[PDB]
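[1] Build the 3D model from these lines:
(4 chains)
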Amino acid sequence: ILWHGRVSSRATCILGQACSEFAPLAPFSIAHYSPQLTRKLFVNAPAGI
Amino acid sequence: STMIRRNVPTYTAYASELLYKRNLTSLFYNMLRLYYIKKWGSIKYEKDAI
Amino acid sequence: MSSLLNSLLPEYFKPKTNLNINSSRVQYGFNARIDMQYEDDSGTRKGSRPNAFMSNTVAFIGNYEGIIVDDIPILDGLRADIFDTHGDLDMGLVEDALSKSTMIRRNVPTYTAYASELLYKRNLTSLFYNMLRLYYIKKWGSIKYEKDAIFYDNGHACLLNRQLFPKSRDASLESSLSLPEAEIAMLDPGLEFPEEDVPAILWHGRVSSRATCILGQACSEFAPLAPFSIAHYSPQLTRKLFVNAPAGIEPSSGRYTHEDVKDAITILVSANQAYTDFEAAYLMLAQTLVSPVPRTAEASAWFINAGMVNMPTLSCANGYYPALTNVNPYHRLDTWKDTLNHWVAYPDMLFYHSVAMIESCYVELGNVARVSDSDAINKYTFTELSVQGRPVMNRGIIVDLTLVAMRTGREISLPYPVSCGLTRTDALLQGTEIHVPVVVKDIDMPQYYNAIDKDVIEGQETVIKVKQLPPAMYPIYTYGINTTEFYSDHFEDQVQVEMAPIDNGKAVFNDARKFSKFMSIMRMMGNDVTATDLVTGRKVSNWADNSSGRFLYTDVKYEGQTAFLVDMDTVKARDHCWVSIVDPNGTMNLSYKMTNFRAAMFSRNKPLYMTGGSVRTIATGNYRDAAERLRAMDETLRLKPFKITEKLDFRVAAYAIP
Amino acid sequence: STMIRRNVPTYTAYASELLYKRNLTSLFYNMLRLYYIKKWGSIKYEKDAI
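    Numbering: from 1, shown residues only, chains lettered A, B, ... in the order given. There you are, the coordinates:
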């Protein structure tokens, strides 16, 4: 994916959790079961992650 | 463009497959769910409820 | 802006280039001929003072403190190709411009990504400001500051330099600062990724041995000993400074003269194409070069707490992108080089431009402090309605330029809405009591001044409670151009005090307006009048100043009901060249006329004369007509002959032109 | 109205959530009550009055 300038300290944590398995305990509608989207995600940002 | 000259021939060959991989719907879907989980995070679910 | 500050100067004032300042106090003013008249039922008594000196004392001392703030970027200088129709950096033409240049091919993709952040870091105002201060420190370096010296004295109350400025050691201006040098590294053109939070500047040819020492000291902390105006406290601008000079940077010399600082500025502005940045730095220093000595003892409330100077953060990314600066720059106004060209020609003219600006501001803040909060244009909301732009915050130069616009009564226009410099309106907006310290001389002080103690032995340190701020300066350069009835700065004026013979000299002024004009004109005539308020029971004296020689109504030091008893058999003749009121009977009519004006300056109780060449009004056209001319005389050495002519003697020879 | 343009995406996100809840009416209400408590601060309330 592409990015504008520098990937912030919090943007790493959000993208990391977005591309992961949802394994819920309580049956909630916005926290349903989803498979692992991807294992690794590249980011073309000249300013380091 | 501003590409490395030794990569142009090898990257152009791959273009036929890779340029038709454009669907970010799954990523935006999960990121929208994380927004509402942290906003309305204080809602409760009881096991023995009606 | 040299243009707008030039128009503030009077018509009769014809300035010269050089001004040999050799002290930390100057009495600028004018000599006028006053034809006073006193008419009465008995008869008329005429007087005439041929040389009457009206002065405003201006010093080189004043407590200030610099703070680094975030300000808008100044986009004047960059090439006109990369800009779009609206006037903002169209990114896409930047990538096109960098590609078709003399850049390393492996750096193009990584440098273009950074462009979005780095190209909007253009503000060199902080660097030019410090380099201008170094010029004047080395020029007027021999001025002295004594610790136990008289800041103000009016006979009754005295205020020393120890009182206002503690932590203050006596020293010369040259010996005040001990500036440490910042590192001036050479930029490697083959650097992988640009280092943000480190500014990189351009240079023409080789950085000289003295240029290193000047740039090193300009980007450093100012930690002064003596409270000087051009050597106030400033934070460290930057730690390291890159310079993209293919010819290597020579090591620091250590010493430099004031002429070498002018050399450093002229190269920096030309290479970087930063003329609007210099114009901002020129107006900043114009505010904070000289501070006014207070007119009255209770007018020291303005200079108790230190006014903050807003210096914009040093940020420049020209060193990383040499291609984007060329000989065809983008500029808003056509007269964008006028401010630099004026300074290079006439450096010492800044002194006259400085006093013109502070005199304009402190006069208007005098008659702004005397308006009630319940009004449309009041103390808090006089800046907002006047400003028709989009500045970040209404502070610094915006508040000082809007006060000048009110004084002259004209429209002031700047190319960029920059908000940097000193903020004066600090003590005003607080709207609280200020406690100024004073050392007493006489024992009958606290009747006149609103003192904290009622009985005080001589040589005691007391406190005066100032509620409403009196005017700090009287209008002198702006005399009778935009006249108000408060100051009463007319050429012709008259007052009619109505008394009957049944009254034995005693007159009660029910009106406040004509009481002010009576007490003022009596002081021109050299008469010491002492009125007493009937309601409160305090006393006021017209002799409350030794500079202007006028009586403003704020010298009463109290707002209440107006019932001033003046006894006209206790009037004492004080000054020379005076008309006598021996014994008046019936209606009195006082009047004066100011006819001609001659510019005069005093320093160390001696006349200070202007020397050098005749200063002109430099226009953009006056230089570029010589560029239109080009000296188009083909540079061909054409030698013309002289025919010898013989006459009677023949021993001696005589040459003719044809 | 800034030189540091790295913070614009973050600033916009927080501003959008806060601007729709701005109200200083409750602060001025208490500040006005403090003015009149000090001014008329000699009024007596007797419990066994009519």
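
[2] how about residue A:17, phi and psi?
    As for residue A:17, its main-chain torsions (degrees, to the nearest 10) stand at phi -80, psi -30.

[3] any idea how far it is from chain D?
    Applying C-beta to the nearest C-beta, to the nearest Å, the value for residue A:17 to chain D is 18 Å. Bear in mind the C-beta positions are built from the backbone N, C-alpha and C, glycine included.

[4] Any residues of chain A in contact with chain D? List them.
    Chain A comes close to chain D at residues A:4-6, A:8, as judged by C-beta under 8 Å from any C-beta of the partner chain.

[5] what about residue A:31, how many neighbours?
    Counted with other C-beta atoms under 10 Å in any protein chain shown, residues neighbouring residue A:31 total 16.

[6] Which members of the residues of chain A next to chain D additionally contact chain C?
    A:4-5.

[7] and the residues of chain A next to chain D as TSV, adding neighbour count?
    Shown next, in TSV, are the residues of chain A next to chain D (neighbours: other C-beta atoms under 10 Å in any protein chain shown):
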residue	neighbour count
A:4	13
A:5	16
A:6	15
A:8	14
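
[8] Can you name the residues that contact the closest residue to chain C within chain A?
    Per C-beta to the nearest C-beta, residue A:46 is where chain A lies closest to chain C, at 4.1 Å. Residues counted as contacts of residue A:46 (C-beta atoms under 8 Å, 6 or more residues apart in numbering or on different chains) are C:109-110, C:113-114, C:193.

[9] ditto for residue A:34
    Residue A:34 neighbours (C-beta under 8 Å, 6+ apart): A:21-22, B:30.

[10] Secondary structure added to the residues of chain A next to chain D, as a markdown table?
    Putting the residues of chain A next to chain D into a markdown table (DSSP: H, G, I helix; E, B strand; the rest coil) gives the following:
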| residue | secondary structure |
| --- | --- |
| A:4 | coil |
| A:5 | coil |
| A:6 | strand |
| A:8 | coil |
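
[11] tell me which parts of chain A are close to chain B?
    Residues of chain A lying near chain B (C-beta under 8 Å from any C-beta): A:1, A:14, A:17-19, A:22, A:26-28, A:30-31, A:34, A:37.

[12] ok, 7 Å please
    A:14, A:17-19, A:26, A:28, A:30-31, A:34, A:37 (C-beta under 7 Å from any C-beta of the partner chain).

[13] May I see the residues you listed organised as TSV, with secondary structure added?
    Output for the residues of chain A next to chain B, formatted as TSV (three-state DSSP):
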residue	secondary structure
A:14	helix
A:17	helix
A:18	helix
A:19	coil
A:26	coil
A:28	coil
A:30	coil
A:31	coil
A:34	strand
A:37	coil
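
[14] Of these, keep whichever come out buried.
    A:18-19, A:31 (16 or more other C-beta atoms under 10 Å in any protein chain shown).

[15] how many neighbours does the closest residue to residue A:2 other than its chain neighbours have?
    Counting by C-beta to C-beta, 6 or more residues apart in numbering or on different chains, residue A:44 is the residue found nearest to residue A:2 once chain neighbours are left out, at 5.6 Å. Burial measure for residue A:44: 8 neighbouring residues, criterion other C-beta under 10 Å.

[16] so residue A:44 sits right up against residue A:7, yeah?
    No - between residue A:44 and residue A:7 there is no contact under C-beta atoms under 7 Å: 10.5 Å.

[17] Quickly list what's touching both of those two.
    Between them, residue A:44 and residue A:7 share no contacting residue under C-beta atoms under 7 Å, 6 or more residues apart in numbering or on different chains.

[18] Now residue A:38. Nearest residue, chain neighbours left out?
    Per C-beta to C-beta, 6+ apart, closest to residue A:38 is residue A:19, 5.0 Å.

[19] quick one on the thing from earlier: which of the contacts of residue A:46 lies closest to chain A?
    Checking those against chain A with C-beta to the nearest C-beta, the nearest one is residue C:113 at 4.1 Å.

[20] Spit out the contact partners of the most centrally placed residue in chain A.
    Residue closest to the average C-alpha location in chain A (C-alpha atoms, centre = their mean): residue A:15, at 2.3 Å. By C-beta under 7 Å, 6+ apart, the contact set of residue A:15 is residue A:41.

[21] Where does it fall, secondary structure wise?
    helix A:9-18 (DSSP states H and E).

[22] relative to helix B:25-39, how tilted is that helix?
    110 degrees (axes from the mean of the first three to the mean of the last three C-alpha atoms, to 10 degrees).

[23] Check the offset of helix A:9-18 from the chain's centre.
    5 Å (C-alpha atoms, centre = their mean, to the nearest Å).

[24] Now the phi/psi pair for residue A:44, please.
    According to degrees, to the nearest 10, residue A:44 has phi -80, psi 80.

[25] residues from chain A in reach of chain C?
    A:5, A:46.

[26] for the residues of chain A next to chain D, which one is nearest chain B?
    residue A:8 (14.5 Å).

[27] Excluding chain neighbours, give the residue nearest to the closest one in space.
    residue D:10 (7.4 Å).

[28] Name the residue of chain A that lies nearest to chain D.
    residue A:5 (6.1 Å).

[29] So that residue is in contact with residue A:47, correct?
    Yes - proximity of residue A:5 to residue A:47 meets the contact threshold set by C-beta under 7 Å, at 5.5 Å.

[30] Just the buried residues of stretch A:42-49, please?
    A:45, A:47.

[31] first to last residue in that stretch, what's the distance?
    10 Å (C-alpha to C-alpha, to the nearest Å).

[32] How about stretch A:17-24?
    Stretch A:17-24 has its terminal residues 14 Å apart, counting by C-alpha to C-alpha.

[33] now swap in stretch A:27-34 and tell me
    13 Å.

[34] same question, stretch A:36-48
    End to end - C-alpha to C-alpha - stretch A:36-48 spans 25 Å.
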